[PDB]
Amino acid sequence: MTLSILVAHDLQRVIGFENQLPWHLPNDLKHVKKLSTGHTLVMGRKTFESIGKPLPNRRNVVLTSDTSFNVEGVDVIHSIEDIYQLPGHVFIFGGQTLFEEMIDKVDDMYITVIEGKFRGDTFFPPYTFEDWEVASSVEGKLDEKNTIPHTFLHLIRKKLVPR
């Protein structure tokens, strides 16, 4: 319905390594909890297995081809097309495969740019700021617990108009 991407990627758009996040950043976890609370998270199967259980107080939706999939607290879908029937604010939550499938369909993106270069094996698709308006850009606060510089972006797809 209202369709957003929600993602953390590094300076080279790495989002993951060995089915885990490359970095430890509690503030971003806090950012995710705040944004998606009361809403819906759609994620691919590997992302779900990585987390290992549903996130509380959210509708959790998992896209998989596995007809045997029936986890407590999770709604299953089997097609991309299923996503557009989900009501409310829906966040595309990962991973790489779902980002690639959805980045041209979403209204907007909440991206946490991790200002570092990590070793990765999964990536967020390339995108241009030519196409995305910076609705907001907020530096994350560093401290003892959060030690990689990072920036919370809210990007909104630009309309194509005649010049």
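Start at 1 and count along the sequence shown; that's the residue number.
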Quiz item: If you average the CA temperature factors over each stretch, which comes out higher, 10-18 or 144-152?
Solution: 144-152
Quiz item: Of 91-99 and 134-142, which one has the bigger average CA B-factor?
Solution: 134-142
Quiz item: Ranked by Cα temperature factor within the chain, is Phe69 in the lowest third, the middle third or the highest third?
Solution: highest
Exercise. Sort the modelled residues of this chain by their C-alpha B factor and say whether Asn27 lands in the lowest, middle or highest third.
Key: middle
Practice problem: Place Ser50 in the lowest, middle or highest third of its chain's C-alpha B-factors, as listed in the PDB entry. | Solution: middle
Quiz prompt | Cα B factor band for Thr37 (lowest, middle or highest third within the chain) | solution = highest
Exercise. Divide the modelled residues of the chain into thirds by Cα B-factor and specify which third, lowest, middle or highest, holds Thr112.
Key: lowest
